[PDB]
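Protein chains: 2
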Amino acid sequence: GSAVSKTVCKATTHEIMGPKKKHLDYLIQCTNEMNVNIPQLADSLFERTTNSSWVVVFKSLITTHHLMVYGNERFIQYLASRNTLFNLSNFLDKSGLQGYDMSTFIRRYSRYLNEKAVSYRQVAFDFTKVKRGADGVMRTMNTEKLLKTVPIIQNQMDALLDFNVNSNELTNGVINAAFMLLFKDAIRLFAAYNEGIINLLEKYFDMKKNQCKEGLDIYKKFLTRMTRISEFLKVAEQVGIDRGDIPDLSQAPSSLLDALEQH
Amino acid sequence: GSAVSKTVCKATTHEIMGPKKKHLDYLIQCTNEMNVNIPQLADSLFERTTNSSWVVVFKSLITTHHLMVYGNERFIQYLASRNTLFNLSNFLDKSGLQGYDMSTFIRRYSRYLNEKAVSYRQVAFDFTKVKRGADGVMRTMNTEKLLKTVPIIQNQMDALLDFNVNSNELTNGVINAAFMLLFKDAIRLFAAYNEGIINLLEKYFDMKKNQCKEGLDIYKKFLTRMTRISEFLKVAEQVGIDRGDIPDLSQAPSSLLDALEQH
Ligand SMILES: O=P(O)(O)O[C@@H]1[C@@H](O)[C@H](O)[C@H](O)[C@H](O)[C@H]1OP(=O)(O)O
Ligand SMILES: O=P(O)(O)O[C@@H]1[C@@H](O)[C@H](O)[C@H](O)[C@H](O)[C@H]1OP(=O)(O)O
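As given, the protein sequences belong to chains A and B, one line each in that order.
In terms of the numbering used here, the first sequence opens at residue 33 and continues consecutively.
In terms of the numbering used here, the second sequence opens at residue 33 and continues consecutively.
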């Protein structure tokens, strides 16, 4: 409460760096205790995003992201259960040039975090954390659910990609911390999108006519998102990310000629 | 040969970013083929470090590092088997201000890479890649070897820490790529140093008098290196590294009072 509320403030000071690890680890522990009240924790983070300063606001967003990623699942479950989330579509800190320039990234990042909660609300699991491989959800899921799901991933991906940053704009510790978390989500989200497309192809020839028509549209939009993701990973390469952490995109786009299996 | 030699050139162009992933992955495959001649591969990288331009030289160093980390063990085994390695102690590119400023980091980075090969030569394994835990080498190694080894780790660590960079000097893609690989080595190297200290303490009370005297000196220098590593991880925090990747240093420095178990 007070100890939680104080940690929230310390994670979101005016200092120009991302939230400190020591504050973030204490918050993560908070989400794992059955006696902590999650809504009060969340409320304190939403209140910090009514501040007028870009630094405070951007740090409150990054804290929320890190908790969705490393915190107990009850945190994102609460965020998904609310009706309204971040309303920063018109944010503008005009106090200095860094302010103006960062305001745009705040808008875009907050939209991605909203879309991340909405996706959890719709399918009741986190695309970034579920079992991959061949024994996983995205690999072993029925054809009806599949057709319903893949388009939700696509949507979460588009909001992520709209962050639209260039290497020459990653110039301070705050936006750099945001980018590192976005990178982590992008690679896990791609893995899951890819798995769904693999299942699709597996089942495509064996399926109803109008189904086939829906699948065709999904494979279609996947190929177009494949090139956007390439551009995103190139910004990561330019910035200096370890090349061992960057996934190899040499997987699944040869086959567009089932655009005729609808004879 | 020619295909290897050409890839080396492409990994080390004048362009101001780290070596591209596609070139690095081809080199990694080269080290895993029984028919590729390792010495010719290595020689081509050493030749690039006689270039006059800081960009070429720094990229040849980073390529060599990435191969020591992700390549087949026969690569680092060859480097350790040579008598002379990098001789860049007097490097200076004076063609522009970026040149002057980067020359110092080239000197320091090349010394760390030399020390990394020397350490492999001395103990016949890579501190960064061996089994950790309780079923690992660093946890289960005899008291004589231990006393001999821990000081080699300490030495490799000091050369790593002398890189001595501040957040405000990480301003281009080349030095940033170097830093990401150094970060990865620093955390694995610390894990192994820590494991050795744990074993030490385990065995300390049950050991010969002069042995005890040696152990005491090692624990001593470990505590002093513990604070340097803290400073290093703080530069990583400032830059924006995901706080989940940064290790928790809340392990093993209470006990200095065996400085008396020598009664
Ligand atoms: O060394 P760390 O753990 O950074 O803690 C620092 C500490 O060095 C000291 O400067 C505090 O006054 C400062 O406010 C605190 O930060 P905090 O208040 O955010 O804990
Ligand atoms: O798209 P990537 O794979 O970067 O390859 C690029 C390619 O886009 C094109 O500009 C080449 O002329 C350029 O030299 C090459 O780089 P390369 O010669 O280093 O392969």
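All C-beta atoms in this analysis are idealised placements derived from N, C-alpha and C, irrespective of residue type, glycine included.
On the three-state DSSP scale, how would you describe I273/B?
Within the second sequence, numbered from 1, the residue matching residue 273/B stands at position 241. Correct three-state label for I273/B: coil.
Any idea if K126/B is buried or exposed, counting beta-carbon neighbours within 10 angstroms, 16 or more meaning buried?
By 1-based counting over the second sequence, the position of residue 126/B is 94. Around the CB of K126/B, fewer than 16 other CB atoms lie within 10 Å, so the residue is classed as exposed.
Quick one: does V162/B have its CB under 9 angstroms from some CB of chain A?
One-based indexing of the second sequence puts residue 162/B at position 130. So, not an interface residue.
Counting only C-beta atoms, is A218/A closer than 9 angstroms to chain B at any point?
What you label residue 218/A is simply residue 186 of the first sequence in a count that begins at 1. No, no contact with chain B.
For a contact defined as C-beta to C-beta under 7 angstroms, what are the partners of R275/B on chain A?
Indexing the second sequence from 1 puts residue 275/B at position 243. Neighbours of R275/B on chain A, chain order: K53, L56 and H98.
Neighbour list for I229/B in chain A, Cβ cutoff strictly below 9 angstroms:
The residue you call residue 229/B lines up with position 197 of the second sequence. In chain order: nothing, as chain A lies at least about 22 angstroms away.
Could you tell me if residue 25/A is buried or exposed, where buried requires 16 or more neighbouring beta carbons within 10 angstroms of its beta carbon?
Because chain A in this structure spans residues 33 to 295, residue 25/A falls outside the shown range and cannot be described.
Beta-carbon proximity of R80/A to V68/A, cut-off 9 angstroms:
Looking up residue 80/A in the first sequence gives position 48. Looking up residue 68/A in the first sequence gives position 36. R80/A is not a Cβ neighbour of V68/A, given a cutoff of 9 angstroms.
Contact the segment 195–202 of chain A vs the segment 127–141 of chain A: 3+ CB pairs below 8 angstroms
yes
Indicate whether at least one CB of chain A lies closer than 9 angstroms to the CB of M49/B.
Numbered from its first residue, the second sequence carries residue 49/B at position 17. At least one chain A Cβ lies under 9 angstroms of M49/B.
Measuring straight from C-alpha to C-alpha, what distance separates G247/A and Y236/A?
Taking the first residue of the first sequence as position 1, residue 247/A is located at position 215. Taking the first residue of the first sequence as position 1, residue 236/A is located at position 204. When rounded, the distance between both Cα atoms is 7 angstroms.
Start and end of the alpha helix (DSSP H) containing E79/A?
For the purposes of this step, residue 79/A is identified with residue 47 of the first sequence, where counting begins at 1. That run of the alpha helix (DSSP H) goes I70 to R80.
With 16 as the cutoff for other CB atoms within 10 Å, does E176/B come out buried or exposed?
Locating residue 176/B in the second sequence gives position 144, counting from the first residue. Flag for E176/B reads exposed.
Helix, strand or coil: which one does DSSP assign to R171/A?
As a working note, residue 171/A is residue 139 in the first sequence. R171/A: coil per DSSP, three-state reduction.
What separation, rounded to the nearest whole angstrom, lies between the Cα atoms of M189/A and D274/B?
To locate residue 189/A, count along the first sequence from 1; it is residue 157. To locate residue 274/B, count along the second sequence from 1; it is residue 242. If you take the alpha carbons of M189/A and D274/B, they lie about 20 angstroms apart.
So, is the C-beta of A209/A closer than 9 angstroms to a C-beta in chain B?
Along the first sequence, one-based indexing puts residue 209/A at 177. So yes, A209/A belongs to the interface.
Could you compute how far the alpha carbon of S113/B sits from the alpha carbon of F78/B?
Position 81 of the second sequence, counted from the first residue, corresponds to residue 113/B. Position 46 of the second sequence, counted from the first residue, corresponds to residue 78/B. Approximately 15 angstroms, taken between the alpha carbons.
Please classify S282/A: does DSSP put it in a helix, a strand, or coil?
Counting from 1 along the first sequence, the entry for residue 282/A is found at position 250. In this structure, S282/A counts as coil in the three-state DSSP scheme.
Less than 8 angstroms between C-beta atoms, sequence neighbours within five positions excluded: which residues of the same chain meet that for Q186/B?
Against the second sequence, residue 186/B aligns to sequence position 154. Non-local C-beta neighbours of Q186/B in its own chain, meaning closer than 8 angstroms and more than five positions away in sequence, comprise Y225, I250, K253, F254 and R257, ordered along the chain.
Quick one: does the C-beta of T45/B sit closer than 8 angstroms to a heavy atom of ligand 2?
Start at 1 with the first residue of the second sequence, and residue 45/B comes out as number 13. Under cutoff, so the answer is yes.
Which runs of the alpha helix (DSSP H) spanning at least 4 residues fall entirely within the segment 192–271 of chain B, listed in chain order?
Entirely contained in the segment 192–271 of chain B, the alpha helix (DSSP H) runs reaching 4 residues are, in chain order, 205–236 and 241–271.
Neighbouring residues, chain A, relative to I278/B (Cβ below 7 angstroms):
Here residue 278/B refers to the residue found at position 246 of the second sequence. Ordered by position in chain A, the residues that pass the 7 angstroms Cβ test against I278/B are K53.
Same chain only: Cβ atoms within 7 angstroms of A284/B, ignoring 5 sequence neighbours per side:
Counted from its first residue, the second sequence places residue 284/B at position 252. Cβ neighbours of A284/B beyond the five flanking positions: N226, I229 and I230.
Run through DSSP, which three-state label would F107/B get?
Position 75 of the second sequence holds residue 107/B. Of the three classes helix, strand and coil, the one that applies to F107/B here is helix, per DSSP.
Is it buried or exposed, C62/A, if we count other Cβ atoms within 10 angstroms and call 16 or more buried?
By one-based count along the first sequence, residue 62/A stands at place 30. Looking at its Cβ environment, which holds 16 or more other Cβ atoms inside 10 Å, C62/A is buried.
Three-way DSSP call (helix, strand, coil) for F123/A in this model:
Your numbering for residue 123/A matches position 91 in the first sequence. If DSSP states are grouped into helix, strand and coil, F123/A belongs with coil.
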